[PDB]
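Analysis of the macromolecular model
Next come the chains, spelled out residue by residue.
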Amino acid sequence: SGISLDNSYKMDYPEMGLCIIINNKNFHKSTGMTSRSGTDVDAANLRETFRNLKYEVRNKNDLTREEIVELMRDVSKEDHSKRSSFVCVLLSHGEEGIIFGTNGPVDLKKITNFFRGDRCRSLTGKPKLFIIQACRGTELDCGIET
Amino acid sequence: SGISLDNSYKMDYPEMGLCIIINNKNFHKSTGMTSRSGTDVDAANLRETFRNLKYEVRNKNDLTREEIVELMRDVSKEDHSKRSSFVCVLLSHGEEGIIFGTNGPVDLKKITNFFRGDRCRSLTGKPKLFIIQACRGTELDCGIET
Amino acid sequence: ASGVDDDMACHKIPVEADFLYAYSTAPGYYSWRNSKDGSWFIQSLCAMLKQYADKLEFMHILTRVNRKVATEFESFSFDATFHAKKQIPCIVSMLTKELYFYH
Amino acid sequence: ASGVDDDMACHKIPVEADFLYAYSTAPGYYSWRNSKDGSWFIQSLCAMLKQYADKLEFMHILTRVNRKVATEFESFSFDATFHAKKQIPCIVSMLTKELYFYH
Amino acid sequence: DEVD
Amino acid sequence: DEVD
């Protein structure tokens, strides 16, 4: 054949891949965390958007930290061989490096480590996209007039 | 005129901008930090590369933490109005969020804050590129065979 | 040329390669959400994917998301501490190729 | 549409906007340097800018740098702890436009 | 407007 | 090879 350049990920596998959306709106009262009004708007918008890109969208609402970890472990153990890519969207409270389950925090690294190239071999070489709507601390940006 | 889209930074100002290279090779013995053999190769390669892109390259070697902060403060107080962009390259030891002067650490945020949109008004709206060759911790990546 | 650290016989990639993290906000900062319309970031992300996913590489789409969030939104709060604030998303790419959602 | 947080009368941008951080390595990781040839990242960055700065947008150049570092380099060490290790650079973009070094 |  |  002609010249081959390999500058773009192969996105013509049979399936685009999974789009897992974790939508945490309501937190256990014990945690002190507020309900996240507007997050269902986000989750619905994402489902539509990723549906139109031909992802297999799976939504989960109001997961505990243990449920988040179980979900990601289970998803990482699926056979992704026929999938081009993987997307995970996290909608929750957060701090730098942390996302909240409904009962407490999860380190983001614990979640992403399931998808490392050595631990999820059917995603090795494939793009793994994590979209994170959560705080990363407490700083506020005052902006500048342009 | 015809339709205008504004999707790319304006890079046709009279000057491309400054490229400041901080090349820390030799550390005060009191710090315990090793000499960074090979860093001069890097610094020379950068100077050439950015010269060919028409940047005004300024190199500094073996700066203390106080000298790093003074340099960046002074550079941020120049008039960049006729410059398209700003580049800073840091070659040193580091840890997450930190770069080393020859006598101790500097928080990267202290350095970049001088160039915030509200603090360096002649760079507001212009790209500010920080290129950082430094450790970010102590983890090692074992890789995976492909 | 020849050296100790290139041209391995057995090809490996980093285990951290081929990740992209599309964060809603810069490190250390709050992220903003409208209780009625959704988060600034997700609203903007979905709008830009709808418009551009058949046309632009993903980093370029995310750059348009950055611009939209940065320019179009500013907080409103009865609390002066939290009023008139801004947000810039933060794209963290460990990708090794361009990503297009189409082929 | 109408709401509290869009279409401000006075245009502001975030103070953190329009920064790009091209880190040599992923968060938490060591970064590798060859004592003779220079750092894996800087050697690769300069090579990709030489080749592509008159041709590609900067995020795309940095993606090629990611690929080069990830695929071409692997450490050599007499210390087994430090031997046969890999590196992926990390592009952190708060840019709001495409960046081309040419016009 | 609320923060996360 | 050395680390930074």
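Residues numbered from 1 in each chain as written, not as in the entry; some residues may be left out. Chains lettered and ligands numbered in written order. Heavy atoms only, no water.

Determination of this PDB entry was carried out by X-ray crystallography to a resolution of 1.06 Å, according to the record.

With that out of the way, let us pick up the overall build of chain C. On a plain count of helices and strands, chain C comes out with two helices and five strands. Going from N to C terminus, chain C has its helices and strands arranged as β-β-β-β-α-α-β. Relative to its length of 103 residues, chain C is extended, with a C-alpha radius of gyration of 19 Å against a globular reference of 13 Å. Counting only C-alpha atoms and orienting by the principal axes, one finds that chain C spans roughly 65 × 35 × 20 Å. By residue count, 68% of the 103 residues in chain C fall in the buried class. Sequence-distant contacts in chain C: of pairs separated by 6 or more residues, those separated by 24 or more amount to 64%. When the accessible surface of chain C is totalled, it reaches about 3600 Å², and 53% of it is carbon and sulfur. Positive and negative side-chain charges in chain C, numbering 11 and 12 respectively, have mean positions lying 12 Å apart. (Helix = DSSP H or I, 4+ residues; strand = E, 2+ residues; numbered from the N terminus. Rg over C-alpha atoms; globule rule 2.2 N^0.38 Å. Buried < 20%, exposed > 50% of the residue type's maximum accessible area, 1.4 Å probe, protein only. Contact = heavy atoms within 4.5 Å. Areas by Shrake-Rupley, 256 points an atom, 1.4 Å probe, with all protein chains shown as cover. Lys, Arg positive; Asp, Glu negative; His and termini not counted. Charge placed at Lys NZ, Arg CZ, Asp CG, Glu CD.)

We now examine unusual backbone geometry. Residues and elements named next belong to chain D. You will see that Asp-7, though not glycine, has its phi angle at about 60 degrees, which is positive. Mapped onto the fold, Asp-7 is located in the segment before strand 1 (12-13). Of note, the phi angle at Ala-84 is positive, near 65 degrees, even though the residue is not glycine. As for its placement among the helices and strands, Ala-84 is situated in the loop between helix 2 (58-72) and strand 5 (90-93).

Between chain A and chain C, the contact holds 50 residues from the first and 48 residues from the second. For the pairing of chain A and chain C, the buried interface totals around 4300 Å² over both sides, and the portion due to carbon and sulfur atoms is 62%. For the pair chain A and chain C, the number of links is one salt bridge. Across the pair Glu16(C) and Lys109(A) runs a salt bridge, and its minimum N-O distance is 2.8 Å. Summed over the shared surface of chain A and chain C, the number is 27 residue pairs in polar contact. Where the side of chain A that touches chain C is concerned, the elements lending two or more residues are helix 1 (39-52), helix 3 (108-113) and strand 7 (128-133) of chain A. Considering each element in turn, the side of chain A that touches chain C owes the most residues, seven residues, to helix 1 of chain A. (Buried area = accessible area lost by both parts, 1.4 Å probe. Salt bridge = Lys/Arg side-chain N within 4 Å of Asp/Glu carboxyl O. Polar contact = N/O pair within 3.5 Å; in protein donor to acceptor, adjacent residues only side chain to side chain.)

Spatially, 2(A)-1(A)-3(A)-7(A)-2(C)-5(C)-5(D)-2(D)-7(B)-3(B)-1(B)-2(B) is the arrangement adopted by the 12 strands of the open sheet, whose pairing is mixed. Two strands bound the open sheet, and with one partner strand each, they are strand 2 (56-61) of chain A together with strand 2 (56-61) of chain B. Geometrically, the sheet is characterised by an average inter-axis angle of 10 degrees between neighbouring strands, direction not taken into account. The sheet contact formed by strand 1 (residues 15-23) of chain A and strand 3 (residues 83-91) of chain A spans eight bridges and is parallel. By the bridge assignment for strand 3 of chain A, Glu15(A) is matched with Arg83(A). (Pairing = 2+ DSSP bridges. Axes fitted to C-alpha atoms, helices over the stretch in contact; angles between N-to-C directions.)

What follows is about the environment of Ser76(A). All names here are of chain A. Examined against the element boundaries, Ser-76 turns out to sit in helix 2 (residues 65-77). A relative accessible area of 8% places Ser-76 in the buried class. For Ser-76 and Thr-112, which are 36 residues apart along the polypeptide, the C-alpha to C-alpha distance reads 9.6 Å. Leaving out residues up to four positions away in the same chain, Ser-76 has contacts with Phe-114, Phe-115 and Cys-120.

Let us now look at a positive patch on the surface. All names here are of chain A. A contiguous patch of positive charge, built from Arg-65, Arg-73, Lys-77 and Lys-110, is present on the exposed surface. Per-element accounting of the positive patch gives the leading share, three residues, to helix 2. Tracing the chain through its elements places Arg-65 in helix 2. (Patch = residues over 30% accessible without salt bridge, like charges linked within 9 Å, V, L, I, M, F, W, Y side chains within 5 Å.)

UniProt annotation of "active site" refers to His93(A) and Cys135(A) when read in the numbering used here. Judged by maximum C-alpha separation, these annotated positions cover 43 residues in sequence but sit close together in space, the widest gap being only 6.2 Å. Residue position: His93(A) is located in the loop between strand 3 and strand 4 (94-95). Exposure remark for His93(A): the relative accessible area of 8% places this residue in the buried category. Aside from chain neighbours lying at most four places away, what touches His93(A) is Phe27(A), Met33(A), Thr34(A), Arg36(A), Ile98(A), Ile99(A), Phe100(A), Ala134(A), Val3(E) and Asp4(E). Within the local environment of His93(A), its side chain forms a polar contact with the backbone oxygen of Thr34(A), the two atoms lying 2.7 Å apart. Residue position: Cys135(A) is located in the loop between strand 7 and strand 8 (144-145). Once residues lying within four places of it in the same chain are set aside, the contact partners of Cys135(A) are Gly94(A), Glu95(A), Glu96(A), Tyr29(C), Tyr30(C), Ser31(C), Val3(E) and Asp4(E). (UniProt positions renumbered as here; feature names shortened; annotations may be inferred.)

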